[PDB]
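K.L.:
just dropping in an experimental structure and the matching sequence.
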Protein chains: 2
Amino acid sequence: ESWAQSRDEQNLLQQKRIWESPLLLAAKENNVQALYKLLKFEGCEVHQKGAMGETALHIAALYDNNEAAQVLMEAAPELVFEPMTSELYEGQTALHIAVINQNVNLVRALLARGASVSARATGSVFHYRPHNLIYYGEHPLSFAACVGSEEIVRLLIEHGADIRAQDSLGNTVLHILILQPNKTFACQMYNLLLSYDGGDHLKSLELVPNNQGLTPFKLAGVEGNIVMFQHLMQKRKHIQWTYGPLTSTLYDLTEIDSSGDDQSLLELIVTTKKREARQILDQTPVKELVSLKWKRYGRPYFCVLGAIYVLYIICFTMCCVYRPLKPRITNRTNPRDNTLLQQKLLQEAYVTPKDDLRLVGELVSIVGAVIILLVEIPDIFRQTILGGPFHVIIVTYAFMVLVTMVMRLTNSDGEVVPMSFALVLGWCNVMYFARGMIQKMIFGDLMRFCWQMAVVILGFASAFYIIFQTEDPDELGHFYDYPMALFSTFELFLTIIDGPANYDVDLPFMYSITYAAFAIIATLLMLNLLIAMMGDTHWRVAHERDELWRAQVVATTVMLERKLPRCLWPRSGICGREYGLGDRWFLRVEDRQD
Amino acid sequence: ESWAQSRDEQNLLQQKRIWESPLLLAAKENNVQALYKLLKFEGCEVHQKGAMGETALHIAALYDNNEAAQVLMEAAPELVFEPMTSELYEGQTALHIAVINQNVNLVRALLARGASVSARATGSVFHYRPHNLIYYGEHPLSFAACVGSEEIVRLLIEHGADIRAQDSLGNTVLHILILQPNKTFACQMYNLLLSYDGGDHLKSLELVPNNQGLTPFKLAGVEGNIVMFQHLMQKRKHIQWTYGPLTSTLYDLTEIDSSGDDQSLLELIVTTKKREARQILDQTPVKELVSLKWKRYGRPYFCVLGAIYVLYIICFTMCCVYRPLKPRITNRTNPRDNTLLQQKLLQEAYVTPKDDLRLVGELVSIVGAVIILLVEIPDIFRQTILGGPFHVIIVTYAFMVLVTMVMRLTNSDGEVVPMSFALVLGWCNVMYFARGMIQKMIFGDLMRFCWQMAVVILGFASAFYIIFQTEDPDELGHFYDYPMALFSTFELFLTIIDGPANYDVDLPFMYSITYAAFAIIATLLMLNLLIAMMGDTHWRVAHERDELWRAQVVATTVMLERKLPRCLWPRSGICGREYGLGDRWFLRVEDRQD
Ligand SMILES: C[C@@H]1NC(=O)N[C@@H]1CCCCCC(=O)O
Ligand SMILES: C[C@@H]1NC(=O)N[C@@H]1CCCCCC(=O)O
Ligand SMILES: [Gd]
Ligand SMILES: [Gd]
């Protein structure tokens, strides 16, 4: 039923065969005299494959038995080429085991016998899986780079190790170094592998991308390797001049911004689930980038698009507060008086006196809903909430408006259930537009509550109004007109009014549902306020409160750059073509030092 | 559409012209042989202005190319005098670039050729703007002082550098040092520039004020430079005697207190938006000052003025609780019974039995409102809330009282809307008078809540009473008389009473507005209490809670010293005239050392 049990069963099974096979046992214990008393007379199987398809040399290489390994090579030099014939270690040679163990003399001897420096260890243990503690790759050169042994690295290059070699996952020796825990020390090894590159501008090793379309520089950002990212940044920044403390450095800004449909560091950071990758935006070439993208273009277009959405939702409620109308007509208010409806449905509701003002208003609510779907539906085909569930709500709001239209033209009785959902989904999606020390942050987070509060009540008071605009105000008239309805709901937002409560009669199916959602949102905002009031002052967790919002702003800034056309929102940085720099866009960033 | 893009475009444009111009390129790369192969045959333009109006020497000075700069000076000595003819660096000479780079040999050579030590670099990059990383000034002497190179400082003084020189912003070399980040090291440079002063008591360099009326000593306080402030304080304090550990030092206390209409350190600290400047009050010459100003004179006059305001507001409500009276008269309570008013308006309300007791009370409410305007309106002409929005509320309260008077004499029906606003604005402005370890601070902040609570209810219960004194107590009688009204509102302050809630009838326009403000203030005080209960115990943020109140007390102490006459509130410190000290007021401060 599992897999980890198998390899745990095999390692125990391996030590069994070593304990049984006297050749393998002598290769483990480095019993030199027992190898001569076994290989010359009475010759035993020397190509003896153990439990993991290992030769006697593989066991002599696992335990760094140089004396025992040299006897196994002089009596049978063909053991050097032999790889592990198992499934867990398919491809691993005696050289791979000697490289990771940093056995320079055994590596020197294995290379002297002519070991393959291009052997791919494609075994299941060497995979990049969470159940494998190390990921070094496949080639023995890739092993030497990860163990930090610069001596074996160059010693393998001298015997024809291809640095351009990629594993099953399309990772070069450079990609794998970035996926190593020792970040500060891998920078030293990374520069060693680069020195053996072809030296030509074309076919560079740092440009060879991952199988998932990630150059090593780009992979460092997505993986959140801060030390590798800053190191690789040194090779793509030019210091313009030195003016005392000022150091105007010109950054590359090539693989850090968008033209790639999906290839761009910014998009890969805001859409990845990796918590460590969020720190990459904050680096000295990137933090200047998104800060310029939000000060200009970003913030104004977000509030311009906001004011357009505030007007589009207040118009939808303008057509709801004055919904269509005939009183009950039916005597159904006499039997089963528990239902006191004065239901209102309307078809030749063409009769126009002030009804065309709402009709053109209802037409705005329709043409705006399809436009919402014309910018979100073609976008789902090409989904990570960093930046708020605004997209999940904006598509379900337009769905309720279309259902209300489908509700219309058929004269259905349940015209309230799909229309009321659009009121809360339309308003509470406005509070997402709130993206525009402990003192001002308490006040800063308090203004988010004051914005999120007034938005919630304006969506539930308009809802509760429709829920009891048809019903009778004789009993339970908490929302008999709009001005009240807002005031009742506002007090209901603080639990001052006892909640529309009535059990003699019955009240529509939507009140027992809409009021249930209103009671939960009211406490979560008041719980999120307390955390915004205490979490802001407790400790520097206000920073943790802080870059989550900053990352939400960066995630929103990248969102506004995808759908907006090229005529608006010009490209960041400065193009290089005349003034001479080759048509990449560079960012001029200067810093003072103290 | 921006400006930072331009200079980013120009620096890229600069490197283009350097890359193109072989003379400028040779000046950058220090190509000595390429300068001789360009200047002697085949002579090229040597006065070649680059992209930023720079000469070949300016480029040879930017990159510290001494060998290349000396060839450009021997073949064309007129390049030394030439300044940058650009807009970004208008005025910068080859000496300015050699001073900041601390190139002593190039500075020695430029001075030997006779470079202007008084050249003002008035370029746009050298401005004191937030988009400029450094502000050093204009003169090359001011550059040497900011880079900490005391060798170039004296070397420039030897060639006639004027220390008395001011930039466009009227800043001497001393003002600029205070605006430098390296505070601990600028104190060393500051004493060097003072040694070259005229040595005369008159025309001292430390007395030359800013263009915005700030001596360097005064600027250190407004800017919050603690290291410079304590350093400059050493020269204006005299140790009276040494008595073992005791060291009675006599402080100057001249530029730290008021006679200057607006010139005084205290006023400049409490009115500036700079958060760092608040720490200056707390220094050892200033913290003793405001502490003496608040123990005596400050605290008593604040509570005396408080008790006068408590009586002035309780008298205004005394005339409201017994407002004027005729019942409805009209049959309008029969049709549209939704309005159950028993409206009360009165003109020959002269008829006097107990009505003169209120008339003289109404006369107090008028003569007091104009006095409030006679001490605040002439003060707005000569506005920062540090110390609470008491001034913003005290002027709008007196505005409502005057409107109520204008409401009167015309027999208007809306006599409640402007009168009720004065009840909450009159009381809730009292809680501002609350300025009078974790244990006693929890109790200290709890007594602020107990004071702010009882003040809010006494303003809203009196309001809610007037809102329903005219209305009918048959239905919704939460405030039928004053003793109740207080009790209902008190319970309403804790959300125990369901809130005056009624939907059958209608209730005046002021209840749906006054009760909305009452529900928000009730939760903010209870939210501010929780933070006062947890924030006080969490960590030493109670100190952060702490000096904000202390600064509010200091801001209030300076407020009480401006309007009070000279006969009250004597001047701080002790005058020097006979006993011999020259008519400045000194503060005697002694300290013990351990
Ligand atoms: C010890 C085993 N014997 C052997 O000859 N090779 C194996 C080496 C084990 C390394 C497993 C690496 C991994 O966890 O992926
Ligand atoms: C490098 C430029 N070339 C040059 O000849 N002078 C400039 C010096 C730049 C300093 C900008 C100072 C500031 O940021 O205000
Ligand atoms: Gd009833
Ligand atoms: Gd009744």
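P.N.:
Everything's here; your move. Numbering: from 1, shown residues only, chains lettered A, B, ... in the order given. Ligands and ions are numbered 1, 2, ... in the order given.
K.L.:
where do the helices of the stretch 1-150 of chain A begin and end?
P.N.:
Using DSSP state H, counting those that start in this stretch, the helices of the stretch 1-150 of chain A run over A:4-20, A:22-28, A:32-39, A:56-62, A:66-74, A:94-100, A:104-113, A:140-146, A:150-157.
K.L.:
and the longest one, what does it pack against?
P.N.:
Under the contact definition 3 or more C-beta pairs under 8 Å, 6 or more residues apart in numbering or on different chains; DSSP states H and E, helix A:4-20 sits against helix A:22-28. Where you see a C-beta, it was placed from the backbone N, CA and C, and this is true even at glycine.
K.L.:
packing partners for the helix it packs on?
P.N.:
Secondary-structure packing of helix A:22-28 (3+ C-beta pairs under 8 Å, 6+ apart): helix A:4-20, helix A:32-39, helix A:56-62, helix A:66-74.
K.L.:
spatially nearest residue to the residue in the stretch 1-150 of chain A positioned nearest to ligand 2, not counting backbone neighbours?
P.N.:
Nearest residue of the stretch 1-150 of chain A to ligand 2 (C-beta to the nearest ligand atom) works out as residue A:150 at 39.3 Å. In this structure, residue A:150 finds its nearest non-sequential neighbour in residue A:192, 5.6 Å apart by C-beta to C-beta, 6 or more residues apart in numbering or on different chains.
K.L.:
before we move on, back to that, relative to residue A:488, which of the helices and strands packed on helix A:22-28 is closest?
P.N.:
Minimum separation from residue A:488 across the helices and strands packed on helix A:22-28 (C-beta to C-beta) falls at helix A:4-20, 60.1 Å.
K.L.:
follow-up on the earlier one: quick check: which of the helices and strands packed on helix A:22-28 is buried the most?
P.N.:
Mean neighbours per residue, mean count of other C-beta atoms under 10 Å in any protein chain shown, is largest over the helices and strands packed on helix A:22-28 for helix A:56-62, with a mean of 29.
K.L.:
list the contacts of residue A:119.
P.N.:
Contacts for residue A:119 (C-beta atoms under 8 Å, 6 or more residues apart in numbering or on different chains) come out as A:83, A:91-93, A:95-96, A:139-140.
K.L.:
make it 7 Å
P.N.:
Applying C-beta atoms under 7 Å, 6 or more residues apart in numbering or on different chains to residue A:119 gives the contacts A:83, A:91, A:93, A:95, A:140.
K.L.:
domains of chain A?
P.N.:
A:1-283, A:284-571 (curated CATH domains).
K.L.:
looking at these, which is buried most?
P.N.:
Of the domains of chain A, domain A:1-283 is the most buried (mean count of other C-beta under 10 Å), at a mean of 18.
K.L.:
measure it end to end?
P.N.:
In domain A:1-283, first residue to last residue: 46 Å (C-alpha to C-alpha, to the nearest Å).
K.L.:
ditto for stretch A:72-82
P.N.:
Span of stretch A:72-82 from end to end, C-alpha to C-alpha: 13 Å.
K.L.:
residues touching it, excluding its own?
P.N.:
A:27, A:35, A:39, A:46, A:55-57, A:60, A:94, A:109-110, A:113, A:115-116.
K.L.:
ok, now stretch A:493-508?
P.N.:
Against stretch A:493-508 from outside (C-beta under 7 Å, 6+ apart): A:338-340, A:416, A:453, A:457, A:467, A:471, A:475-476, A:478, A:488, A:491-492, A:511, A:515, A:522, B:495, B:498-499, B:501, B:519, B:523.
K.L.:
now intersect those with the helices, please.
P.N.:
A:453, A:457, A:467, A:488, A:491-492, A:511, A:515, A:522, B:519, B:523 (DSSP state H).
K.L.:
export those residues to JSON lines and tack on distance to ligand 2?
P.N.:
Output for the ones in helices among the contacts of stretch A:493-508, formatted as JSON lines (distance: C-beta to the nearest ligand atom, whole Å):
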{"residue": "A:453", "distance to ligand 2": "45"}
{"residue": "A:457", "distance to ligand 2": "50"}
{"residue": "A:467", "distance to ligand 2": "62"}
{"residue": "A:488", "distance to ligand 2": "59"}
{"residue": "A:491", "distance to ligand 2": "57"}
{"residue": "A:492", "distance to ligand 2": "57"}
{"residue": "A:511", "distance to ligand 2": "64"}
{"residue": "A:515", "distance to ligand 2": "60"}
{"residue": "A:522", "distance to ligand 2": "52"}
{"residue": "B:519", "distance to ligand 2": "53"}
{"residue": "B:523", "distance to ligand 2": "49"}
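K.L.:
the residues you listed also near ligand 1: which ones?
P.N.:
Of the entries in these, none also sits close to ligand 1 under the rule C-beta under 6 Å from any ligand atom.
K.L.:
against residue A:283, how distant is the residue of the stretch 401-550 of chain A found nearest ligand 1?
P.N.:
Going by C-beta to the nearest ligand atom, ligand 1 is nearest to residue A:544 of the stretch 401-550 of chain A, at 34.8 Å. For residue A:544, the distance to residue A:283 equals 19 Å [C-beta to C-beta, to the nearest Å].
K.L.:
close to chain B: what parts of the stretch 351-500 of chain A are there?
P.N.:
A:438, A:473, A:477-478, A:480, A:484, A:487, A:490-491, A:494-498 (C-beta under 7 Å from any C-beta of the partner chain).
K.L.:
farthest pair in those residues?
P.N.:
Between all members of those, the farthest pair (by C-beta to C-beta) comes out as A:438 and A:473, at 47.6 Å.
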